[PDB]
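As structure tokens, the structure follows; a few thoughts come after it.
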Amino acid sequence: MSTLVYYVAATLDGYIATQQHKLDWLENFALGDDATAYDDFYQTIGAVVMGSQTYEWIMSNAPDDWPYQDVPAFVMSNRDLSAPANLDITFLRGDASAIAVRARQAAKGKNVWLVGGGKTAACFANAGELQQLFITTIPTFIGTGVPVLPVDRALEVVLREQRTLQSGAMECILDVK
Ligand SMILES: NC(=O)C1=CN([C@@H]2O[C@H](COP(=O)(O)OP(=O)(O)OC[C@H]3O[C@@H](n4cnc5c(N)ncnc54)[C@H](OP(=O)(O)O)[C@@H]3O)[C@@H](O)[C@H]2O)C=CC1
Ligand SMILES: COC1=C(C)C(=O)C2=C(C1=O)[C@H](CNC(=O)[C@H](C)N)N1C[C@@H]3Cc4cc(C)c(OC)c(O)c4[C@H]([C@@H]1C2)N3C
């Protein structure tokens, strides 16, 4: 069917942000020309899913430039949060299965991009709803920070592809189960 994919950038110790929710280690790093183009991945996406912390990061850091206007967007939270009334943004909560079929439908046969973050990704994985991961790994350790996938127990994956870029960053596709 349609794939729920976790496409994310992470440190070598498996963190997707500093403990203060900063991405200096990420944004200050030049992936290089030989990286897989962002567009080529985003072309395969028909919906995005997010937790509320990642939503608030994007709105505080790019308030006038929502990046996913091209697709519907589902933000999970237990608040009655509000989006600018002009943006394709829905707020859902609870069981991760219902959210996935809602998002897979809206994706129209394209994939659902689980942008994150960790807590949200783990909710889906614990529910057996996460099917693939695409990780860009930055050659750095930050010691502590936001965990990429805080699952409750060991989630094993099959390595389906891996590239090492000229800059030291790496890319891999992981299939769940
Ligand atoms: N480096 C990268 O490539 C990426 C980095 N990031 C970073 O990750 C950080 C945040 O990741 P994280 O800290 O894991 O927080 P999340 O982004 O996972 O948001 C977590 C929140 O989502 C809500 N939520 C999750 N599951 C459910 C559910 N089943 N039902 C209802 N609400 C739910 C809750 O919000 P509430 O409290 O509202 O209930 C929870 O606190 C941010 O700093 C972001 O910038 C994000 C994506 C990729
Ligand atoms: C592949 O390597 C990745 C690198 C090198 C990255 O910089 C980033 C990622 C990578 O995967 C991925 C997604 N890739 C993306 O290209 C877009 C930004 N979504 N990201 C997910 C998001 C959403 C977002 C949004 C905005 C507006 C950001 O402002 C720039 C931003 O930094 C971020 C980021 C981060 C950026 N978090 C919060």
Side-chain angles (χ1 to χ4, degrees), residues 4-45 47-71 73-83 87 89-103 111 113-130 133-140 142 144-152 163 165 167-173:
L4 175 48
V5 57
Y6 184 17
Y7 170 102
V8 70
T11 63
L12 272 167
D13 45 4
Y15 296 114
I16 71 192
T18 75
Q19 191 205 129
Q20 290 101 313
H21 292 257
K22 290 270 201 170
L23 313 169
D24 41 44
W25 56 271
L26 185 52
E27 311 187 304
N28 295 341
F29 184 88
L31 283 177
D33 290 333
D34 51 350
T36 292
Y38 175 66
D39 296 318
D40 302 341
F41 160 75
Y42 190 54
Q43 204 176 19
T44 70
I45 298 309
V48 296
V49 196
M50 276 179 207
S52 57
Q53 194 68 237
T54 302
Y55 167 71
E56 294 160 13
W57 195 100
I58 303 173
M59 293 282 72
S60 93
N61 271 100
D64 302 321
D65 208 12
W66 183 243
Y68 319 126
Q69 305 173 50
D70 276 37
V71 290
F74 309 91
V75 180
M76 284 140 91
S77 167
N78 276 347
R79 268 75 80 76
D80 305 346
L81 282 155
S82 185
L87 293 164
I89 295 174
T90 324
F91 294 101
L92 325 164
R93 66 177 72 160
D95 159 77
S97 284
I99 301 183
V101 278
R102 180 83 150 85
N111 298 325
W113 176 15
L114 205 189
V115 352
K119 300 221 203 71
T120 302
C123 178
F124 281 112
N126 300 333
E129 291 293 335
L130 173 69
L133 293 88
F134 185 142
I135 293 170
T136 303
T137 298
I138 311 301
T140 168
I142 68 182
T144 65
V146 184
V148 65
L149 193 72
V151 283
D152 277 327
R163 333 180 37 239
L165 312 183
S167 65
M170 308 185 276
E171 305 183 325
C172 63
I173 316 319

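Numbers for residues simply follow the sequence, beginning at 1. Both counts, for ligands and for their atoms, begin at 1 and track the order of listing. Values below: all heavy atoms of this structure, side chains included; hydrogens, waters and symmetry mates excluded.
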Evaluate whether atom CG of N28 has more than 12 neighbouring non-hydrogen atoms of other residues, nucleotides or ligands under 6.0 angstrom away.
-> yes
Protein heavy-atom partner closest to [atom] - residue, atom, separation in Å:
{"atom": "atom 39 (O) of ligand 1", "answer": "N78 N, 3.0 Å"}
{"atom": "atom 12 (P) of ligand 1", "answer": "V146 CG1, 3.9 Å"}
{"atom": "atom 42 (C) of ligand 1", "answer": "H21 ND1, 3.3 Å"}
{"atom": "atom 2 (C) of ligand 1", "answer": "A9 O, 3.4 Å"}
{"atom": "atom 25 (C) of ligand 1", "answer": "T120 OG1, 3.7 Å"}
{"atom": "atom 33 (C) of ligand 1", "answer": "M76 CB, 3.6 Å"}
{"atom": "atom 15 (O) of ligand 1", "answer": "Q53 CB, 3.2 Å"}
{"atom": "atom 37 (O) of ligand 1", "answer": "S52 OG, 3.9 Å"}

Looking only at non-hydrogen atoms, which of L81, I99, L114, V115 approaches atom 47 (C) of ligand 1 most closely?
-> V115
For atom 10 (C) of ligand 1, which candidate among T54, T11, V8, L149 holds the nearest heavy atom?
-> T54
Side chains of [X] and [Y]: does their closest heavy-atom pair fall under 4.5 Å?
{"X": "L130", "Y": "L149", "result": "yes"}
{"X": "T140", "Y": "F29", "result": "no"}
{"X": "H21", "Y": "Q53", "result": "yes"}
{"X": "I135", "Y": "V8", "result": "yes"}

Put together the list of close N/O pairs, under 3.5 Å, between ligand 2 and the protein, could you?
| unit_1 | atom_1 | unit_2 | atom_2 | d |
| --- | --- | --- | --- | --- |
| ligand 2 | 19 (N) | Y68 | OH | 3.0 |
| ligand 2 | 32 (O) | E27 | OE2 | 2.9 |

For ligand 1, which atoms have a heavy atom of [X] less than 4.0 angstrom away?
{"X": "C123", "answer": "29 (N)"}
{"X": "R93", "answer": "30 (N), 31 (C)"}
{"X": "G51", "answer": "19 (O), 22 (O)"}
{"X": "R79", "answer": "38 (O)"}
{"X": "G117", "answer": "11 (O), 14 (O), 16 (P), 17 (O), 18 (O)"}

Counting heavy atoms only, which part of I16 comes closer than 4.0 Å to ligand 1: side chain, backbone, both or neither?
-> both
Please work out whether any backbone atom (N, CA, C, O) or any side-chain heavy atom from C-beta onward of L26 is under 4.0 Å from ligand 1, and answer side chain, backbone, both or neither.
-> side chain
What are the two closest non-hydrogen atoms of [X] and [Y], and how far apart are they?
{"X": "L31", "Y": "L165", "value": "O-CD1, 3.9 Å"}
{"X": "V151", "Y": "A122", "value": "N-CB, 3.8 Å"}
{"X": "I45", "Y": "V71", "value": "O-CG1, 3.8 Å"}
{"X": "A30", "Y": "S167", "value": "O-CB, 3.5 Å"}
{"X": "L114", "Y": "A121", "value": "CD1-CA, 3.7 Å"}
{"X": "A17", "Y": "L23", "value": "CB-CD2, 3.8 Å"}

Going by the angle between their ring planes, with limits at 30° and 60°, are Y68 and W66 parallel, tilted or perpendicular?
-> perpendicular
Establish, yes or no, whether a centroid distance under 6.0 Å links the rings of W25 and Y15.
-> no
If you round to the nearest 0.5 Å, how far is OG of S77 from CE of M50?
-> 13.0 Å
With sequence neighbours left out, write down each residue that passes side chain to side chain donor-acceptor pair (under 3.5 Å) with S97, or none if nothing qualifies.
-> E129
Sub-4.0 Å heavy-atom approach of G94 to ligand 1 = yes
